[PDB]
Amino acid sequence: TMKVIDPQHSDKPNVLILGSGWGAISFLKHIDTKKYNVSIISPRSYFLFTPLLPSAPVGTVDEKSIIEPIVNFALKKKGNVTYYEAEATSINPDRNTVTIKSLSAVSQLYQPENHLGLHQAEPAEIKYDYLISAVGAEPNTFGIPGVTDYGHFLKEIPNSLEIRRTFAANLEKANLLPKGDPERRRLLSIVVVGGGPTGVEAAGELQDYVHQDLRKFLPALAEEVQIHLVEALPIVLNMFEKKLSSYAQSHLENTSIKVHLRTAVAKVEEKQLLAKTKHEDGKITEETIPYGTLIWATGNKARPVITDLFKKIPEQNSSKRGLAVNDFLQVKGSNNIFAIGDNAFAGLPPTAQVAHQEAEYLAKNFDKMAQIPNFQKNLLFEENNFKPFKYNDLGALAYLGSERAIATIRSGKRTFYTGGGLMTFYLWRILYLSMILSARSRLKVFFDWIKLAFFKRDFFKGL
């Protein structure tokens, strides 16, 4: 016997959102809670502004500054929003329910607050009239041994804390060791795997901490740290014009970062890893790299609750990366479930930028559906001349450490800005600050950057 939550107080349809990230929150911001009853299931009680996560480990920004509680977005809604802090473990399409487990809390932001009768660590099924799936994707080790055990992903707030604690602990042991000790040099050694903007910014941020703050009180130690940027492709930041990639690499190397291109990690052990380089000519070299801190910033794979769903919907069996959706962001094989963000595959890159646009688009569709009597009761999309989702690539930005960035801003076929440099770094800051989804988070990031102009970064081992 499973507890089934199925709210039929009003005729408003029950919209059930999975997740509290870019897709789910952008959707929540735009959905009409006067026309729809909205519920959210996510094990993370806050929205995470991912593009600034790479600057959290070293305190360029603080962890709290870049997150925003779901409840704060929920308060600004006019209707009834319920937030289940729990994890969706099974999507059950044929009975229109989602199974949740690891239930920690339930928050009903409205008057009635009918007692639901759920208990922590007790399974349950939430019923829905529409499902919006946005659970994202999870880090992909690519089958490389040791990465889970010995490295750190850069995906969630706890990763920021773990990275800081590992590196801080390493600096402390290293400094006790005599200069010239290879163990000391290992402990001051950082490997970042992934040459996309995330890996690049992580390395640039760590290099900034070392050069700007650490060096103020432990210059010799700071001089010995070596940061390594490992990338499997022939260039870093390959979504950018090649000349910007070249600018970025030269700058990174100028800040003393070592870049290993055409290089892949073959295996990871506790104190060292094996890197193989596939040269242009075709030969393969390998290097054992001792490291103290390994940051794994690359690849993402479908979550288990999503790959399980693949098997329950015939049209979805051939899916591998994410849920196949139609022009309308409807999961194929379903007329009830929509998917947006990294958990959907529609040919688009996996970015917040795409997730945010899908969401705003879908929410607007939900405005139209609520004016068409048939949708409530009962192809409807084609018939009512809904327009397909159309992604508008607005561009890309990457911080490179030491107050330089690259950026390309566009819309449609028009490029409005494309280059790198000092001013580009100020643009990076302004643009990111303007993309943040909440006034509070925006103010906190702003205060963090102001403090940074006067004082060193907070780098507390365990705080």
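In this text, the rigid core denotes the largest set of C-alpha atoms whose superposition between the two forms falls within 1.5 Å. From 1 onward, residues are counted along the sequence shown.
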{"item": "Between stretches 417 to 425 and 53 to 61, more displaced by Cα RMS in 7 other deposited structures of this protein (rigid core superposition)", "value": "417 to 425"}
{"item": "Larger mean CA deviation from the shown form in 7 other deposited structures of this protein [core fit; 346 to 354 vs 281 to 289]", "value": "281 to 289"}
{"item": "At least a third of the other entries leave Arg321 unmodelled", "value": "no"}
{"item": "Third-or-more of other entries without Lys377", "value": "yes"}
{"item": "Length class of the unmodelled deposited segment, which would lie between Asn378 and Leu379", "value": "4 to 9"}
{"item": "Between 154 to 162 and 96 to 104 (mean CA B-factor, as deposited), the higher", "value": "96 to 104"}
{"item": "Mean C-alpha B-factor comparison - 141 to 149 and 249 to 257, higher one", "value": "141 to 149"}
{"item": "Residue selected from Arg186, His119, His211, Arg303 by maximal Cα B factor", "value": "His119"}
{"item": "From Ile126, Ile190, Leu309, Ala275, residue of greatest CA B-factor", "value": "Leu309"}
{"item": "Assigned third (lowest, middle, highest) for the C-alpha B factor of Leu362", "value": "highest"}
{"item": "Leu206, C-alpha B-factor rank within chain (lowest, middle or highest third)", "value": "lowest"}
{"item": "Cα B factor band for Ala220 (lowest, middle or highest third within the chain)", "value": "middle"}
{"item": "Chain-relative CA temperature factor third for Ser10", "value": "highest"}
{"item": "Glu269 - Cα temperature factor, lowest/middle/highest third of chain", "value": "middle"}
